[PDB]
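Novice: Chains as they are written, first to last, in the working numbering: chain A, 1 to 320; chain B, 1001 to 1320; chain C, 2001 to 2238.
Quick reminder that beta carbons are idealized off the backbone N, C-alpha and C, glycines included.
Next up is a structure, given as structure tokens.
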Amino acid sequence: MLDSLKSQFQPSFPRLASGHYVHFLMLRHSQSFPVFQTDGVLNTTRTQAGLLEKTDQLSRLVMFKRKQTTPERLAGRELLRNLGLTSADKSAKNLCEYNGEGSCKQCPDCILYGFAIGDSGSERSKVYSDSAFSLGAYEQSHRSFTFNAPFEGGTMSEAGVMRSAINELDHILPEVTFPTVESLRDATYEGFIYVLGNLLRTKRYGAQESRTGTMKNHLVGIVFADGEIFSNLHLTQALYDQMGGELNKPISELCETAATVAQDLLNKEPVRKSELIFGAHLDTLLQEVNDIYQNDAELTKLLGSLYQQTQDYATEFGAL
Amino acid sequence: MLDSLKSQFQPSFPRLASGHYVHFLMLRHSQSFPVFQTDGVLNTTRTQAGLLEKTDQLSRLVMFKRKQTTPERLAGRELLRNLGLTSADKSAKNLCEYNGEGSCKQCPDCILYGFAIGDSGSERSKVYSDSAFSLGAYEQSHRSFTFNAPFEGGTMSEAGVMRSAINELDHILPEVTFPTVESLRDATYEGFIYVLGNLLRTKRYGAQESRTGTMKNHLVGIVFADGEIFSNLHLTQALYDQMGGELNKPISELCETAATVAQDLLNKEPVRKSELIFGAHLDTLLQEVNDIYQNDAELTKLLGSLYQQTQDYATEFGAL
Amino acid sequence: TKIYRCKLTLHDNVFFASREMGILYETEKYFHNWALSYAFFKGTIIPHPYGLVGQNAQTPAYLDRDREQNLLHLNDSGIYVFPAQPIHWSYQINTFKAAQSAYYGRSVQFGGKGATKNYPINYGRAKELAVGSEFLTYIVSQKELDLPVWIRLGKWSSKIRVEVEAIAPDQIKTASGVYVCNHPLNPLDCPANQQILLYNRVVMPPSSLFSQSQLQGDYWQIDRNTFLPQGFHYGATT
DNA sequence: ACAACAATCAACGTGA
DNA sequence: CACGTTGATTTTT
């Protein structure tokens, strides 16, 4: 598989965006109790239940772009530090720090996910993404769990007085699916392996990741195109309607019905498409990228080349 | 084993993640009627029964997030007090109040399991844990027991009137098994011995420790890794499918079935695996670690070194 | 010559830092023309350099022929987007944060030690336009135009479904006189042979729009209850 | 019978 | 840019 796809990608990172998009179609499946919160509640919005002309509105959980992109992004930076392509030490010549002045201008993270220092340089994110939505309703997709924090002596009382340390917290359930399209513009082949790496290699999202929030990123198709294909909301509303609301289905029926709904949508969207990797060609492509991420020699080679390409972009067209 | 494992760990705690996960694969077997509750009933969730073959929905018990980290955490703290590295008296320079201001910010609990109250910042847990699931359905895995409370006179009346102090509570049956992966990031070798010590040395878990909730943790594997392996739910759904749902098998056959599914799943993870301690190498290593925790000199030395490591992390990168 | 009635539906929440007051940053309820013009035509017509460095990294190139990210390329392509009228809208106020990438985090006061430079340290609240919203714009062009059925806008590059119809020559008509525009309209794009008699304004970066105006000049009655200014082009007042 | 949390998230001035 | 410094509000049958 990967040996055939090497034709599609750019040979080196371009200055101007050229309109080659590789789109990853995924179902992110909740595995243990994620908490996609801001403002003290699970983020929700009213939406129409499905594309077939409903009167019927539906409150669905929203995983914002930040809440999914940053856990992918940071799981790339720790891989680059483990390969020794970047460093955490302030005295190293290849230091990179995530947000401040100390952000690199060369490393793969900085070129694919972007940076903004100010006049000393900025770079646009090549990884495009959207806010993901629960396939079902909030009322079906959450439960509220009490927590307490007693004295170590096992008691809510100490010295005869009670601690105020009790509250509820709101959690998403262990089967909730978030249909997602992640999209990568104008990437080199190794840029596609780094980003697809993040999608498969990162596994925790949202708050309290030390204790909760595992998700399984099931990739459902890869689609090469001249442009943007569809939104997460539009895929979710199509997928709800293909099921007619019988949301209580096993993971593999939910992934195979997403593979045919994706192809039903791609046929209507007006962008030309070079490749549509689905089914047994996706399962061989996934095996061939798993084989890179398990091999020390192969991965240090590819990510070494990515480094070089991004260090060359930096010095030729980038922030120098 | 310990003489070789020493090379995999970092020589001191870093400020940023440098890859270097160690994953503790366990089965937690119930031994004496655990109660795992929030909101007044045993915690349960609907899940697919197994990954590929047995694709029907099933309710399984949830050993929710902190119900499998607070036992560990507190058992390590009473060892730090026993070794005299920390104290519980006010007006001692090595006090560590649990979940308050007056947390030490230097002891192994404060660094490995984290803190967030008051001035002097907050620290992320280097032990990453997740909610665990019952391998069997709720219906085969629980019972409701009436409890009452008479007057000491041996009857439910003190003036002819009734006490009526009668209620049910639900308890998880013995031999109910919870597959789980505990994960430790960026440890020193002494930090691994501390966390692994907590996992082998703790034995009570649920509500009502004083009367109930003993469990047997069988460590089935230890996997050194470039990143996160599978969720607890995924190991559970794989183990149920491998048994065909025939869950009335002895714990030796169940620990040997968990070992082969964990190795099948690990060969499908985009993770470089530096070491994969299983079976006859693991029951070597578990003995070499029991030999630490049964020796007063070896443990004092090791855990005292950890105290220095964690106090130096505190002065160099942490709370100063 | 051609006119396209384009209705924009938000498929995720849109943020622009239009005004800021303490912890709160908020989005104006009209999408500015120049923002939509790059959302439609950047990469297809206007260049899209992935990187910037220098004075070019914090100075706009809106109407500067010397720079590549001009809106003037579109004057030469014979195209003009108008600003966007909100048909149906809602706001969500959602917090956003800086990540603690290190295991240890100190809450630092903004402008304190180790925090002395303008970056998004700490936290803020964004008043975003929500998924429950619909906006209406018009594009006017002198050539049949292959408009993208998806665009991205704002601080977080948020998806909009564009569903578009060409307004056919059987239902538009051309006229000249005094007319109430009733759509939004950017005063910087106003030519000679239009004059603005009355306006009501929406104060907004980079420049204020009219939300309602009475004009004297040429127009197209594109349906029996709206009148669109004819001959507008980017920066025509300069 | 009895707790529903707990903290942290500048605003200048002065000299070089 | 890099040193230094430390007061304020009024209340949800």
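1. Using a Cβ cut-off of 8 Å (strictly closer), state whether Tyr2104/C contacts chain B.
2. If we define contact as Cβ-Cβ less than 8 Å, is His1218/B a contact residue for chain A?
3. Residues in the same chain with beta-carbon distance under 7 Å from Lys6/A, minus the five sequence neighbours each way, listed in chain order, please.
4. If you follow the beta strand (DSSP E) that residue 1987/C is in, where does it begin and where does it stop?
5. What's the C-alpha gap between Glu1168/B and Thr1146/B?
6. Curious, which full-length beta strand (DSSP E) runs of at least 3 residues does the region 2154 to 2228 of chain C contain?
7. Along chain C, which residues have their Cβ under 8 Å away from the Cβ of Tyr98/A?
8. Rounded to the nearest angstrom, what separates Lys67/A and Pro2120/C at their Cα positions?
9. Under 8 Å, do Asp1241/B and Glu1053/B count as touching if we go by C-beta distance?
10. Starting from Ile229/A, find everything on chain B with Cβ-Cβ shorter than 9 Å and list it in chain order.
11. State the DSSP-derived secondary structure class of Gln1106/B, mapped to helix, strand or coil.
12. With a 10 Å radius around its C-beta and 16 neighbouring C-beta atoms as the bar for buried, classify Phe230/A as buried or exposed.
13. Just how far apart, CA to CA, sit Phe2227/C and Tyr2138/C?
14. If you measure between the beta carbons of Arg1081/B and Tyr1113/B, is that distance less than 8 Å?
15. Mind checking the region 174 to 192 of chain A against chain B and listing, in chain order, the residues whose C-beta falls within less than 7 Å of any C-beta there?
16. Let me confirm a value: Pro2229/C is counted as buried when at least 16 other C-beta atoms fall within 10 Å, else exposed. Which label applies?
17. Quick one, which of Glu1175/B, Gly1102/B and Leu1266/B has its alpha-carbon nearest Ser1091/B's?
18. I need the straight-line Cα distance from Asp39/A to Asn2122/C, nearest angstrom please.
19. Can you list, in chain order, the residues of the region 32 to 52 of chain A whose Cβ is nearer than 8 Å to any Cβ on chain C?
20. Roughly how many angstroms lie between the CA atoms of residue 1407/B and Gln1140/B, to the nearest whole one?
21. Could you compute how far the alpha carbon of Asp1056/B sits from the alpha carbon of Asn217/A?
22. In the DSSP assignment, find the unbroken alpha helix (DSSP H) run with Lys273/A in it and report its ends.
23. Terminal residues of the continuous alpha helix (DSSP H) containing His1020/B?
24. If you follow the beta strand (DSSP E) that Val261/A is part of, which residue opens it and which one closes it?
25. Rounding to the nearest angstrom, what Cα-Cα distance links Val2164/C and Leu1247/B in this structure?
26. Among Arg15/A, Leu61/A, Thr47/A and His29/A, which has the Cα closest to the Cα of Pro2047/C?
27. Check the Cβ of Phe1317/B against every Cβ in chain C and list those closer than 9 Å, keeping chain order.
28. Helix, strand or coil: which one does DSSP assign to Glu1190/B?
29. Taking the beta strand (DSSP E) that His2088/C belongs to, which residues open and close that run?
30. Below 7 Å CB to CB, which residues in the same chain sit around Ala2039/C once its five sequence neighbours on both sides are set aside?
31. Could you compute how far the alpha carbon of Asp264/A sits from the alpha carbon of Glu275/A?
32. Between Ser2107/C, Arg2161/C, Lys2155/C and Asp2189/C, which has its C-alpha nearest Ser2018/C's C-alpha?
33. Which bits of chain A does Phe2096/C rub up against, with CB to CB less than 9 Å?
34. Rounded to whole angstroms, what is the Cα-Cα separation between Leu2010/C and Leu2024/C?
35. Measure from the alpha carbon of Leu2188/C to the alpha carbon of each residue in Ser2158/C, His2032/C, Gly2051/C and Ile2167/C, then state which is nearest.
36. Runs of 3 residues minimum, wholly inside the region 1206 to 1244 of chain B: which ones carry the beta strand (DSSP E) assignment?
Specialist: Well, looking at it:
1. Interface residue, yes.
2. Not a single CB atom of chain A sits nearer than 8 Å to the CB of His1218/B.
3. These residues qualify, in order along the chain: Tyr189.
4. Nothing in the structure corresponds to residue 1987/C, since chain C is present only between 2001 and 2238.
5. Roughly 4 Å separates the two Cα atoms.
6. Complete beta strand (DSSP E) runs here, min 3: 2158 to 2166, 2173 to 2180, 2194 to 2202 and 2209 to 2223.
7. At a beta-carbon threshold of 8 Å, the residues of chain C lying near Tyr98/A are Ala2099 and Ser2101, ordered along the chain.
8. So the alpha carbons of these two residues sit roughly 16 Å apart.
9. Remark: C-beta atoms of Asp1241/B and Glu1053/B approach each other more closely than 8 Å.
10. What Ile229/A touches in chain B: nothing, since even the nearest Cβ is about 25 Å away.
11. Of the three classes helix, strand and coil, the one that applies to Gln1106/B here is coil, per DSSP.
12. Looking at its Cβ environment, which holds 16 or more other Cβ atoms inside 10 Å, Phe230/A is buried.
13. The straight-line gap from Cα to Cα measures roughly 11 Å.
14. Annotated as distal: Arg1081/B and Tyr1113/B, with beta-carbon spacing of 8 Å or more.
15. Per Cβ criterion, the list reads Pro174 and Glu175.
16. That one is buried.
17. Measuring from the Cα of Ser1091/B, the nearest candidate turns out to be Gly1102/B.
18. Near 15 Å, if we compare the C-alpha coordinates of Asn2122/C and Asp39/A.
19. Going along the region 32 to 52 of chain A in chain order, one finds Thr38, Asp39, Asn43, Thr45, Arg46 and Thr47 with a Cβ nearer than 8 Å to chain C.
20. Residue coverage of chain B in this structure runs from 1001 to 1320, which leaves residue 1407/B outside it and unanswerable.
21. Rounded to the nearest whole angstrom, the CA to CA distance from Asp1056/B to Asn217/A is 21 Å.
22. Per DSSP, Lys273/A lies in no alpha helix (DSSP H); the unbroken beta strand (DSSP E) holding it starts and ends at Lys273 to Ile277.
23. Here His1020/B belongs to no alpha helix (DSSP H), and DSSP marks it neither H nor E.
24. Bounds of any beta strand (DSSP E) do not take in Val261/A; it lies within the alpha helix (DSSP H) bounded by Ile251 to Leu266.
25. The alpha-carbon atoms of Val2164/C and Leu1247/B are separated by roughly 59 Å.
26. With distances taken between Cα atoms, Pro2047/C lies closest to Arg15/A.
27. Here the neighbours are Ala2102, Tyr2103 and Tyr2104.
28. DSSP places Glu1190/B in helix when its eight states are reduced to three.
29. Looking at the DSSP string, the run of the beta strand (DSSP E) that includes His2088/C is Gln2085 to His2088.
30. In chain order, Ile2151, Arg2152 and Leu2153 place their CB closer than 7 Å to the CB of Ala2039/C, counting only its own chain and leaving out the 5 sequence neighbours on each side.
31. C-alpha separation (whole angstroms): 15 Å.
32. With respect to the C-alpha of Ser2018/C, the residue from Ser2107/C, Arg2161/C, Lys2155/C and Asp2189/C having the closest C-alpha is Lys2155/C.
33. By Cβ distance, chain A contributes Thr38, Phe64 and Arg66.
34. When rounded, the distance between both Cα atoms is 22 Å.
35. Of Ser2158/C, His2032/C, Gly2051/C and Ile2167/C, the residue nearest in Cα terms is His2032/C.
36. Runs of the beta strand (DSSP E) inside the region 1206 to 1244 of chain B: 1214 to 1225.
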